[PDB]
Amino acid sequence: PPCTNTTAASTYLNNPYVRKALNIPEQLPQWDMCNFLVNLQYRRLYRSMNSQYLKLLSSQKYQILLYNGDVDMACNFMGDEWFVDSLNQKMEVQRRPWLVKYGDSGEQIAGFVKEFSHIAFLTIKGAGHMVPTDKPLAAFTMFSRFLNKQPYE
């Protein structure tokens, strides 16, 4: 993909001793971050996940989280905020900022949370496409709150 440097991971995973430690059969071709041939041959079928999410929310057994880094342009935060809102779920909560405790810098706004029953949309302020790479502490805090079914604030 453009503007990305994948050399470090590519150099590591293509090392023969790394492949042996990872139990990779020797005959297999070299490791590429993204397989161009798979992408080219891939037939995209769905245009919207609306029905899939409504099917998952109907059971009321699953906690759903859609999180976006607000400085990403590939899959921007607004597209996903609109999507979550369009699902029109019960128990709509007022949009609020969510906090993260940074070392000695104190409590900081890590982004904004829009919550409904069994579904929440989250922004990660200053993060791009790869949220845990850009904001690792904010990504962990969000992940921890998601697993434990805790409010994101």
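All residue numbers refer to positions in the sequence shown, first residue = 1.
- Of the two stretches examined, 120-128 and 84-92, the record assigns the greater average C-alpha temperature factor to 84-92.
- Comparing 20-28 with 138-146, the higher mean C-alpha B-factor in the PDB entry belongs to 20-28.
- Residues shown: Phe112, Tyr53, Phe36, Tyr67. Highest C-alpha temperature factor in the entry: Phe36.
- Among all modelled residues in its chain, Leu40 ranks in the highest third by Cα B-factor.
- When the modelled residues of the chain are ordered by C-alpha B-factor, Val100 sits in the highest third.
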